[PDB]
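First up is the structure itself, then whatever we jot down about it.
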Amino acid sequence: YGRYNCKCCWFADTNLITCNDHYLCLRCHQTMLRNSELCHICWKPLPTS
Amino acid sequence: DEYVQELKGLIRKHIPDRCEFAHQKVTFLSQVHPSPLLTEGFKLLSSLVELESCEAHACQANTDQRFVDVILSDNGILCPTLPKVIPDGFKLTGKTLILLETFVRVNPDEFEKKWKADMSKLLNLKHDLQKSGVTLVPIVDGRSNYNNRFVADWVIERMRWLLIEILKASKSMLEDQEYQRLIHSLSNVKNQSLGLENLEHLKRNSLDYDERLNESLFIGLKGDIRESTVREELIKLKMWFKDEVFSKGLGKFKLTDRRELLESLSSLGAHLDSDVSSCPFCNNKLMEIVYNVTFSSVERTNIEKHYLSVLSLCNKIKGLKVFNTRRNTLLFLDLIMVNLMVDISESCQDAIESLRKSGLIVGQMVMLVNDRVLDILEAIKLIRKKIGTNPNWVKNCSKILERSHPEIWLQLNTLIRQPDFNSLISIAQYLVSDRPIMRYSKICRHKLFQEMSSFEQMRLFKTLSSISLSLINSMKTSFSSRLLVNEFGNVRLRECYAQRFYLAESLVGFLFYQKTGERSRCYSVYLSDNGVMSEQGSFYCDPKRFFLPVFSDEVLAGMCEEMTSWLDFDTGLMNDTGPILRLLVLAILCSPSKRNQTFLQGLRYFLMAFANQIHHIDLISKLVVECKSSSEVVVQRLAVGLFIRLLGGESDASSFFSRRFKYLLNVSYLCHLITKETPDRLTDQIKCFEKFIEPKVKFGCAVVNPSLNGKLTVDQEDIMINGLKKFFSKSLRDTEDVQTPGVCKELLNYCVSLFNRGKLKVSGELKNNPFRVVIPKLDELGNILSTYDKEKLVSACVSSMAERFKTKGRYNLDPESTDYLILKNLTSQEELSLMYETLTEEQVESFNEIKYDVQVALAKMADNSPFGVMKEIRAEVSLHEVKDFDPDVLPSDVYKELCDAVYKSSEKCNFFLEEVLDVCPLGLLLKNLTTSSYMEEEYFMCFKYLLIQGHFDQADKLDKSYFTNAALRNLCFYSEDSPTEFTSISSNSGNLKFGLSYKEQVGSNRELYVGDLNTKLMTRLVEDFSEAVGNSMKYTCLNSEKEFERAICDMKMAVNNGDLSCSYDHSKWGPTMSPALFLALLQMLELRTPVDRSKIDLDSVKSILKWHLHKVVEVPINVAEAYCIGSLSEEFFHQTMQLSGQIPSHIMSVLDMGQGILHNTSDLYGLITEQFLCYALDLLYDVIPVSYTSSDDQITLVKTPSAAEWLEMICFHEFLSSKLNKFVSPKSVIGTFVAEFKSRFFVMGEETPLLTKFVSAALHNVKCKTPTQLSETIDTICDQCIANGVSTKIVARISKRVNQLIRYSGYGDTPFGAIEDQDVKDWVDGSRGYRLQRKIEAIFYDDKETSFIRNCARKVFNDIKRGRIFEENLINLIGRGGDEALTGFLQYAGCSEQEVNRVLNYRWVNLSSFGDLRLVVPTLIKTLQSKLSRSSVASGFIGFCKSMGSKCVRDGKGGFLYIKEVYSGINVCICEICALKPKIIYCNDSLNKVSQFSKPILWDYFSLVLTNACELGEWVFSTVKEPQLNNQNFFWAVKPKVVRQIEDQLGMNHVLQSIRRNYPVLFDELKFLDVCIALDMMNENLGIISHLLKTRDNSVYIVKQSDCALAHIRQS
Ligand SMILES: [Zn+2]
Ligand SMILES: [Zn+2]
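This is how it looks when you write it as structure tokens:
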């Protein structure tokens, strides 16, 4: 993996979902599923659970 | 005495024709004695060279060599008591006199430092000679060899080849330092080697000054401190530091507290203090005029072209100056124009309403001449007054246009038709409306910009283009253009200038102004709907700063939509931040001020300081600049009112933070749309000087006038040496006095002694050892005629005219042949107006002074009532003259206006004449020339001529005969200025002068020291020494590209890996550091050479930075008289007047190193100290740092073991560096997310593409030579501009602004022209040679006529390749021309005659056929020579529509013609060939009359294809396959992938492949290279060898998925 911060929001540290090739937090995870299911940071699908 | 018998017989072959060589030889032959033979037998060699400069010019040689006061007393002239100078030749006539000096040097270095002394010693003689009433014309002679005519050039070298031995023997057989400068003067032509060993063979005396230096400048440096003692010292220092100064609250950094910044920014930006209104269109004054024009026109003709045709014939008839003045030559064709208007009312029943009120005449108006609206009743009175003055004005000047004249006209009877004054009263009564009013000096209704739909905002910028175009060609109006009627609350506007601009098919606008030229004006803007007038306002702005938006509505409406589509993640956020940003982008261009440039640049530092984790403490008291007006608030509420909107809301506004950073960074850089121009240059040099002196007198080191040669007095010495030991005080353990320049002397000792041993990451092993035209004055830099040249070309013109009418005896001067000379050597009535009007106003105001003093001097050349006391001289005129001296410099602000009318208007007397006499015999220009301004309406210049008329400016000596410093002036070739024995601080000849100038950067103006000519040759030595030492270093990146590329490649991977990476700066790195620091560093280095392991001597460098310790910074002359009139620099002047009151014109100093002199000698100093400080954190905070350097900005990347607990790491890091006068600027910002280096910002995981520096750099810098060269620069800036991925849609709208700047410019269009439209992928694959094929085959849209030339190219190129010869004799087949070479190739490849019949019928009309376009050999040779050997833009585009729409084409015969004349000779050919593409490709039979230009396009197609197959591919040939959605924001990296069918290393082979092509052009000036090098030399538009010796130079292209996958593909 890369650097230990969220790839989206830059200012979080803890409880991070190991996504495809970049971290992601539970705060900004809710604000991606309502647009679509394809991401908008790496453009490959993600796990839901 | 072994050559003494040879010497008298050697020089007997020079005949004493005159009395100047008879007296020399009889005291030469009568002295066989070597003691005067090298004084009296040696002063003859000057006396033969001095006579050459009196036979060429008009002259009488000086045989007595005597004074000037009694050379004016040989004529009967009262004594002026001049200073004592001696001329080497004069010539007097009447009351003018021609001093001519004579001096000769060989090397240039001590030539210009003789010319600058001679010209100053001559021009400090006029001011005492002016008071006697005679003016001078001074000349000098530059000679770089001996080229005498009176001998035959084969015996004078025998002098200096046989007198060079006689003085060595003469002083060996029988005064100290006056010997070898004579040798360096007498010798042969010096192909002299210049290096660091040149300093070694000097004398090196002492001064009893450098000992009190060395008591202060090398003492503490012992330079061999043991490396086991520094560690225990620094542990005590940190143990002092943390317990002492950090915990009691004096640390310099902090933790950013990320809410307190967005409490601070509101009071930073939202100026709730002042009283501006919220509505944006109200406060500004030009946004209002856009809003008033654009809602009066949106919610809502053969006689016209006849009138404009005779108008454009009047424009050609004006520029000849034939009617002996500039008044009745304008009323004359005013009469012509009003007669041609009144000969329209007798035509159709209605025409002056239905076809003229919709066009060129509004109510009570008429348009004519240069640009003047003349408005009929006033015009009617003037003609009646002129015919009242003269009974029959139009009987001879009616047709003086035949004889002594062009005698080609079309005005049938309007020349002679007397305008019936009893007829124009009806027309003057019919159209009557309110007159134009032009202003100087409550509630709102402006419809709330956010409440407009997304179509009626484009109709702001399409009024902004059309108002900006009428602003720009209000520069083109002719710069003399004096009106016919002259002369502040509100002015009703009688007559004034005018420009026009179309909006729709009935209504137009106008633009009214009074002052022509490039300064600020007082404009007014009108509409004309259907005849009705409606005033819509007034504003006050400046013309040439509006060149940014001239045609670029689609550009600046495509990027305010590109930048918005980055925010498709909060849709409600986008639909609000869209219609607030476009108000900002209007608000910048509609008010270009430096301040709302500087402020928007100041937010790329606020923005790193909020993504990072540590910001410097003082920066919020630096991002504020006070609103000097009430217009820089409405911009500073849409910028800050945007950062409050999307940096931080009170909720969790951190959804997608990366695009937020990108879109705020390209709003911080939205700064750059404003033109860097320095709005006025006398208020720029006050700021430049005030930034120069304030870090200097605060510390106390500036002095007044030094000697400029060697010595300093004692009181001047004391301030220098006290500044020296005050610079080095700064004891190590006091936290006060930390913002003070200088070094801690005990810390620098460790810093150099640890460097001696090999423990720093760099170490001094130092491979390949280092020891291997007009030029202006230095007090006014940045200008274009410095004050020395403005008299030198005067004296050249007077000497050229004084000889021309004494060869025959004309004694009359022609008022164009006296303007023919100056206007020639600065840069037949047609040739004058060809090259008069291609100046700038900065030069027109100089050309007037040159014409002025030349005609006054010519009037004085043959020359051999004051009771107008309306206003008494008693207290006015005499005082003004004395205070202002000469009449020429007299001010006009001393009196009222009407007194200039009444004192001029004395009756006719002996002062005047009549019949202004266009031949004008000499001796009358003091009375003829005044009447020409007595009849033209001007008065003031007539007042100056009337005043300058009426007398209103008023044996021991033989031991001294050896060359001593009293015996300097005996010779011209003595070379008095020669370097002979350097001293502790000087060089016995000069003292390293400079001069001041600014650089015009974006935010803050950078100063720049222009240096003299000795100073460059003494600076390049030191600079290449440091380039040699820093070549063997490992961490700088200033000159080497490779290490900079390694630093960027490290920074990418080390941001992504959890580092803590900083981004520093150094505040005033220029004017703080000093050469004495570089001395104290260069004393104790070792630098052991790898060839010979020893300690080299650096004494030739240690004894030349002492020269840079004592520089002489001038003051500019443009600031010494504006501070004299009336601000701590002003106090520095006005306390140095209460000393001895001489002006402070020189500042010897201690601490400057101006930015751009000693540049690489701080590139190492910014590296040694950085490695010391980067060792200070490997040892006291157990990490492993690494610190790069670009001499002004740094980045010290830091790894951490195993998140900002370690402020102690960083706040200590500043605290040592301030001990070495490397300060950390408050612009610095350190954290772990954003980091910068030379403005290339590296955000996490990516790079920010930074869209708005490239488009803002390509909208400007349109430099015009030819309309093919201008489609090279902007094509290249489009090639770089896709490497950061702007779009293609922004790329294809720069490439119609660049096309319509041409299609407006007279040139018309041509199939190459500007670069193409609809470009998608080919920026990745291929240079400019590829895109033209996609442009040409875009015309043939059916693709059925270039298919055959592609098939013939498939026949040819497979045959011309290797393994076969197949006509390698094509070197002569190309040179037949262009039109028939394809007629060879096609029947070579083989077809009928009918194929050539259906191919050669296509022809494109060219303009650079025989010669190329002229406006005042291919480009191949000038392209190769640069591999062989080594003003405001909006006034440099007007010269591309003023000297191009006039005569600029050339034919094969001797001659020139117009462009409209060529396009008038082409017919209409509707039969399907002209109907392919209109106005671009023609038929063959439509080119009958003009038939000598037309090449085919198809030959150019074939030559481009055989160029491209050489350069790449074997796939340019195929027919285009028709192309193949992903998200709009998925951009990714591609590589070029080119297949090149040559072999590389072409650095020399292009030179060896012109012998087979053209031998004499090479005389005077591989496997497949040769067959497509003769396909390049026959035209210009091809460009191979510029693209094969270089490479593609980006190779890392990054593009969108939606604009890299959507494209075509062309496989094989
Ligand atoms: Zn997040
Ligand atoms: Zn993703």
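Protein chains in written order, with this note's numbering: chain A, 112 to 160; chain B, 6 to 1617.
All C-beta atoms, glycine included, are put in the ideal place defined by N, C-alpha and C.
My output table needs one value for residue i: the three-state DSSP class, helix, strand or coil.
{"i": "residue 1426 of chain B", "result": "helix"}
{"i": "residue 1265 of chain B", "result": "coil"}
{"i": "residue 466 of chain B", "result": "helix"}
{"i": "residue 136 of chain A", "result": "strand"}
{"i": "residue 1025 of chain B", "result": "helix"}
{"i": "residue 135 of chain B", "result": "helix"}
{"i": "residue 123 of chain A", "result": "coil"}
{"i": "residue 1199 of chain B", "result": "strand"}
{"i": "residue 533 of chain B", "result": "strand"}
{"i": "residue 608 of chain B", "result": "coil"}
{"i": "residue 175 of chain B", "result": "helix"}
{"i": "residue 1551 of chain B", "result": "coil"}
{"i": "residue 1635 of chain B", "result": "No statement about residue 1635 of chain B is possible, as the shown extent of chain B runs from 6 to 1617 and does not include it."}
{"i": "residue 714 of chain B", "result": "coil"}
Since residue i sits in a beta bridge, which residues does DSSP pair it with?
{"i": "residue 941 of chain B", "result": "Answer is none; residue 941 of chain B lacks a bridge partner."}
{"i": "residue 373 of chain B", "result": "B:377"}
{"i": "residue 686 of chain B", "result": "Looking at the DSSP assignment, residue 686 of chain B forms no beta bridge with any residue, so it has no partner."}
{"i": "residue 501 of chain B", "result": "B:378"}
Taking CB distances under 8 Å as the criterion, tell me whether residue i reaches chain D.
{"i": "residue 138 of chain A", "result": "Note that chain D does not occur in the displayed structure, where the protein chains are A and B."}
When you compare each of the options to residue i by their alpha carbons, which one comes out closest?
{"i": "residue 1433 of chain B", "options": "B:1392, B:1551, B:359 and B:1573", "result": "B:1551"}
{"i": "residue 1124 of chain B", "options": "B:784, B:122, B:392 and B:474", "result": "B:784"}
{"i": "residue 583 of chain B", "options": "B:567, B:597, B:766 and B:515", "result": "B:567"}
{"i": "residue 269 of chain B", "options": "B:457, B:649, B:630 and B:283", "result": "B:649"}
{"i": "residue 1200 of chain B", "options": "B:1085, B:434, B:50 and B:1244", "result": "B:1244"}
{"i": "residue 787 of chain B", "options": "B:964, B:1021, B:661 and B:1014", "result": "B:1014"}
{"i": "residue 691 of chain B", "options": "B:1120, B:1429 and B:659", "result": "B:1120"}
{"i": "residue 1063 of chain B", "options": "B:359, B:1239, B:1598 and B:418", "result": "B:1239"}
{"i": "residue 162 of chain B", "options": "B:151, B:993 and B:1355", "result": "B:151"}
{"i": "residue 1411 of chain B", "options": "B:1585, B:1333, B:1322 and B:33", "result": "B:1585"}
{"i": "residue 707 of chain B", "options": "B:1149, B:70 and B:75", "result": "B:1149"}
{"i": "residue 1074 of chain B", "options": "B:7, B:1424 and B:1227", "result": "B:1227"}
{"i": "residue 166 of chain B", "options": "B:188, B:177, B:145 and B:155", "result": "B:188"}
For this session: With 8 Å as the C-beta to C-beta threshold (strictly closer), list the residues of the segment 659-688 of chain B near chain A in chain order.
Result: Answer set for the segment 659-688 of chain B: 659, 660, 661, 662 and 663.
For this session: Anything with a beta carbon under 6 Å from a heavy atom of ligand 1 counts; list them all in chain order.
Result: Listed by chain position, these are A:117, A:119, A:120, A:123, A:136, A:138 and A:139.
Exercise. Going along the segment 1016-1040 of chain B in order, which residues come within less than 9 Å of chain A, judged by CB to CB distance?
Worked result: In summary, no residue of the segment 1016-1040 of chain B has a CB separated from any CB of chain A by less than 9 Å.
For this session: Using the beta-carbon of each residue, find all residues closer than 5 Å to any heavy atom of ligand 2 and list them in chain order.
Result: My final list is A:150, A:152 and A:153.
Problem set entry | Where the segment 1225-1251 of chain B meets chain A: residues whose CB sits under 8 Å from a CB there | Look at the segment 1225-1251 of chain B: the residues with a C-beta under 8 Å from a C-beta of chain A are 1238, 1249 and 1250.
Problem set entry | Residues, ordered as in the chain, of the segment 1531-1546 of chain B that lie near chain A by beta-carbon distance below 9 Å | Here the close residues are 1531, 1532, 1534 and 1535.
Problem set entry | Interfacial residues, the segment 1054-1087 of chain B to chain A, with Cβ spacing under 7 Å | The residues in question are 1061, 1062 and 1063.
Exercise. Name the residues in the segment 559-576 of chain B whose C-beta lies less than 8 Å from a C-beta of chain A; which are they?
Worked result: When CB distances to chain A are screened at a threshold of 8 Å, the residues of the segment 559-576 of chain B falling below it are 574, in chain order.
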